[PDB]
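Peer 1: Chains as they are written, first to last, in UniProt numbering: chain H, 123 to 182; chain Y, 4 to 61; chain R, 123 to 182; chain P, 4 to 61; chain F, 4 to 182; chain W, 210 to 279; chain E, 210 to 279; chain Z, 103 to 191.
This is the structure, below, for whatever I ask next.
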Amino acid sequence: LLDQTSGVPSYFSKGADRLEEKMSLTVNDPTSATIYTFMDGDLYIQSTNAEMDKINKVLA
Amino acid sequence: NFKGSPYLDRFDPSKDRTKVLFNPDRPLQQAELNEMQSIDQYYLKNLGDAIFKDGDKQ
Amino acid sequence: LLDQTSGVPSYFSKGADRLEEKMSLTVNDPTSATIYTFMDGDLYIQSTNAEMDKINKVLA
Amino acid sequence: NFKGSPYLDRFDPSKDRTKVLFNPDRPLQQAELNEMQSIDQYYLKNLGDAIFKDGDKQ
Amino acid sequence: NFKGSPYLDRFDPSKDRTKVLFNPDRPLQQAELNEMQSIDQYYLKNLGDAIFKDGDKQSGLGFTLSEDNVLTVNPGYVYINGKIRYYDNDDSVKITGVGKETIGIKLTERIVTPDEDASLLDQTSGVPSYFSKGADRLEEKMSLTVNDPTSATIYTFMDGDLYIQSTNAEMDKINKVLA
Amino acid sequence: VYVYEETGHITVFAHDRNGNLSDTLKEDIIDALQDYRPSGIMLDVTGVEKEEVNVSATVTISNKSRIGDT
Amino acid sequence: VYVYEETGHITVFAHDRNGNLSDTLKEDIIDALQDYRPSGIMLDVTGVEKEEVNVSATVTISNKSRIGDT
Amino acid sequence: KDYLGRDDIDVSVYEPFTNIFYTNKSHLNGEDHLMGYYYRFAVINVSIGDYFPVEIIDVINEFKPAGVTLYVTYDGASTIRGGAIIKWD
């Protein structure tokens, strides 16, 4: 992230920071965005193609 | 918490402010730069939420 | 909008303006984006869910 | 209109210019910053228009 | 490639970095500015790709074919490469009129500098940076192609006859669900 | 005086007898060190990080008659 | 010593009589250079790129009685 | 001024790292430039208002501190014969 033109640590090298957003997989955390649901180790509902909640609400 | 001391981002949806209009011969506040991308990311989030739901697989 | 970063040379100095776009209600204004239509004080058309004109054309 | 003297917003859709590429050892122009966000907002407007219509309740 | 010396664009999708957080009393870097716009355009491209396809026509683009098989396309909107672009070029490409023939649009990246276009020079009146050089501009123009697999197909012809029609806007992902 | 060295920058910590650095003395130091600093290097002057220590002491004394203000 | 110079960086290639540069000698050189080197500019001390040459020579002698170890 | 035959000539050393564009203090359309190769520390540009041999550069190499890039600028205004303002009327 330092200054690439200089390429060495210096008083002027430091600049802006970066916001990193890594994704991790959970089991039963309610705050996380659910992607799959299981019942006794068996898949509950399938979706063969793209999911779109508002679009599906209109189509229903 | 990007309103904090190091960044001081002034973005808030309630203000209904959509653009940062820079002027010549003035300081370039880092808060202004942060708000510049925060506005765009917020409106992109709104556009995405108007179609998709969290956890929608593509 | 003045710079409120403590201990900098640009403290309290003027900077970039802001474009404020406030939405207001209007009646029989052809320039405004219509949201409702009435006939003799009665609602004309309903929409239970989101409206999407380009999608609506294909679905129609 | 932001093309005037106090802002000099140089964005124009007809020119098909989509990225302001800054170079080192140059002065920084406010018009470049304005165009930097103007491009993104214009293309977001195009993406929204391709789906939604003005006045479409969500 | 913008990762090189003249621009040093530091953006990379794999790093999952979505915001440049500037700090006060530091020397500003042009690479940070480049990455700042790069991120938003990348995520806009992702959002577009989640709906549209590169050959999806939205409106306009009504084609005209002469007796000499010279093809011209009217202006209109089209989704190509992460953005919905307004086509307004007067191309006059012609087809052989035999066999399967496909019409497509190709996007060419070009660099515009102050030397080529003097208007990019700073014109803020009464400042030290007046008429000084500054940032370049990335120009992306669209032109028609025939039987080019790299281009995004918009039309297909068989023996000079239109193969498939599409009255209204095309939306591949939506059409898959609807089908 | 304490000189702290960094790549491309020099910072000078100076103080008077009271541990303070007046603005006039700072300007004098800068003007004197214009001649001294290397070409193409940035020099800065700052005041020493003074730390005033407050001490409250309880002193036990033998001679109780000699207790007094003096 | 060969002083190799760059923008904002100095490299000091130094060697002994045998072409080596021990760590102790490197530290001694650095300590000596503390007084002389410019302030605020990076400096580094490294040994020379010494190349060792092996020589095997076949020599013919006109007077063959002179052949020997000497 | 010693190598040349006179002292009254105008000579000065420019330090471009003073004009590095900082986020806050530097004016946006002001005199400052973005940091890079030229606007960089350990760089100096020497302005000379008089004719000089190229060996003056070597002379500066004897005096300048190690690790600083050197540039020389020749100001032709100072060497104009007489008054440099040109007249039409």
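Virtual Cβ for every residue (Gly too), placed ideally from N, Cα, C.
So the beta strand (DSSP E) residue 55 of chain Z belongs to, where does it begin and stop?
Peer 2: Nothing can be reported for residue 55 of chain Z, as the shown portion of chain Z is limited to 103 through 191.
Peer 1: For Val76 of chain F and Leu24 of chain F, which I take to be in contact (beta-carbon distance under 8 Å), what is that distance rounded to the nearest angstrom?
Peer 2: With a Cβ gap of about 45 Å, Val76 of chain F and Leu24 of chain F do not count as contacting.
Peer 1: According to DSSP, which residues form a beta bridge with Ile219 of chain E?
Peer 2: E:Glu214 and E:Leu252.
Peer 1: Is there contact here, the stretch 113-133 of chain Z with the stretch 20-34 of chain Y, by at least three beta-carbon pairs under 8 Å?
Peer 2: Result yes; three or more Cβ-Cβ pairs closer than 8 Å.
Peer 1: Buried or exposed for residue 80 of chain Z, going by 16 or more other Cβ atoms inside 10 Å?
Peer 2: Limits of chain Z in this structure are 103 at one end and 191 at the other, which puts residue 80 of chain Z out of reach.
Peer 1: For residue 67 of chain Y, does the three-state DSSP call read helix, strand or coil?
Peer 2: As displayed, chain Y neither begins before 4 nor continues past 61, which places residue 67 of chain Y out of reach and without an answer.
Peer 1: Might you give, ordered along the chain, the residues of its own chain that have their beta carbon closer than 8 Å to the beta carbon of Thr181 of chain Z, omitting 5 neighbours on each side?
Peer 2: Counting only Cβ-Cβ distances below 8 Å, and skipping sequence neighbours, we find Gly151, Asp152 and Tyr153.
Peer 1: Within the chosen definition, does the stretch 79-95 of chain F reach the stretch 161-177 of chain H through at least 3 CB pairs nearer than 8 Å?
Peer 2: No: the two stretches stay apart, fewer than three of their Cβ pairs being nearer than 8 Å.
Peer 1: Mind pulling the chain Z residues with CB within less than 9 Å of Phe134 of chain H?
Peer 2: The contacting residues are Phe119, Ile122, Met137, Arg142 and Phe143.
Peer 1: Between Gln243 of chain E and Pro9 of chain Y, what straight-line distance do the alpha-carbon atoms span, to the nearest angstrom?
Peer 2: Distance between the alpha carbons of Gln243 of chain E and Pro9 of chain Y is about 37 Å.
Peer 1: Taking 8 Å as the threshold (beta carbon to beta carbon), is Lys176 of chain H in contact with chain F?
Peer 2: Output row for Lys176 of chain H: interface = no.
Peer 1: Please list, in chain order, the chain Z residues whose beta carbon lies closer than 8 Å to that of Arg13 of chain P.
Peer 2: What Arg13 of chain P touches in chain Z: nothing, since even the nearest Cβ is about 14 Å away.
Peer 1: Buried or exposed: where does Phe134 of chain H fall if 16 or more other Cβ atoms within 10 Å of its Cβ makes it buried?
Peer 2: Buried is the call here.
Peer 1: Is there a Cβ from chain E that is less than 8 Å from the Cβ of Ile238 of chain W?
Peer 2: By this cut-off, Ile238 of chain W is not an interface position.
Peer 1: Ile167 of chain H to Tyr158 of chain H, Cα distance in whole Å?
Peer 2: Roughly 8 Å separates the two Cα atoms.
Peer 1: In whole angstroms, what separates the C-alpha of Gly217 of chain W from that of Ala144 of chain Z?
Peer 2: Cα to Cα, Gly217 of chain W sits roughly 7 Å from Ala144 of chain Z.
Peer 1: Please tell me whether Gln61 of chain Y and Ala53 of chain F are closer than 8 Å, where the distance is taken between their beta carbons.
Peer 2: In contact: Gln61 of chain Y and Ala53 of chain F (Cβ atoms closer than 8 Å).
Peer 1: Since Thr21 of chain P and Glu119 of chain F are thought to touch, with beta carbons under 8 Å apart, how far apart are those beta carbons, to the nearest angstrom?
Peer 2: At roughly 17 Å, the Cβ-Cβ gap does not stay under 8 Å, so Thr21 of chain P and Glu119 of chain F are not in contact.
Peer 1: So, do the stretch 262-272 of chain E and the stretch 229-237 of chain E have three or more beta carbon pairs nearer to each other than 8 Å?
Peer 2: Because the criterion of three Cβ pairs below 8 Å is not met, the stretch 262-272 of chain E and the stretch 229-237 of chain E do not touch.
Peer 1: Pick out whichever of Z:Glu164, Z:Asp104 and Z:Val174 has its Cα sitting closest to the Cα of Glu117 of chain Z.
Peer 2: Closest option to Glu117 of chain Z, Cα to Cα, is Z:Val174.
Peer 1: Counting only beta-carbon separations shorter than 8 Å, does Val210 of chain E have a partner in chain Z?
Peer 2: No - not a single Cβ of chain Z is within 8 Å of the one on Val210 of chain E.
Peer 1: Could you list the residues in the stretch 210-226 of chain W with a C-beta less than 8 Å from some C-beta on chain H, going in chain order?
Peer 2: Residues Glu215, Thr216, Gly217 and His218.
Peer 1: Between the stretch 19-48 of chain P and chain Z, which residues of the former have a C-beta closer than 9 Å to a C-beta of the latter?
Peer 2: Answer set for the stretch 19-48 of chain P: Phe25, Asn26, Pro27, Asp28, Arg29, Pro30, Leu31, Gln32, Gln33 and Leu36.
Peer 1: May I have the straight-line CA-CA distance separating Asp253 of chain W from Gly7 of chain P, to the nearest angstrom?
Peer 2: Roughly 42 Å between the two C-alpha positions.
Peer 1: Could you give the DSSP three-state label for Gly7 of chain F: helix, strand or coil?
Peer 2: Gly7 of chain F falls in the coil class under three-state DSSP.
Peer 1: Please go through the same chain and pick out, in chain order, the residues whose beta-carbon is closer than 8 Å to the beta-carbon of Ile42 of chain F, but skip the five residues on each side of it.
Peer 2: Around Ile42 of chain F: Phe14, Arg20, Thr21, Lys22 and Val23.
Peer 1: Please list, in chain order, the chain H residues whose beta carbon lies closer than 8 Å to that of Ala182 of chain R.
Peer 2: In chain order: nothing, as chain H lies at least about 12 Å away.
Peer 1: In or out: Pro155 of chain Z buried (at least 16 other Cβ within 10 Å) or exposed?
Peer 2: By the 10 Å Cβ count, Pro155 of chain Z comes out exposed.
Peer 1: Hey, does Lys179 of chain F have any beta-carbon neighbour from chain H nearer than 8 Å?
Peer 2: For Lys179 of chain F, the answer is yes, since a Cβ of chain H falls inside 8 Å of its Cβ.
Peer 1: So, at 7 Å on beta carbons, what are the nonlocal neighbours of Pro131 of chain H in its own chain, with the 5 sequence-adjacent residues on each side left out?
Peer 2: If we look at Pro131 of chain H and ignore the five residues flanking it on each side, its Cβ neighbours are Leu124.
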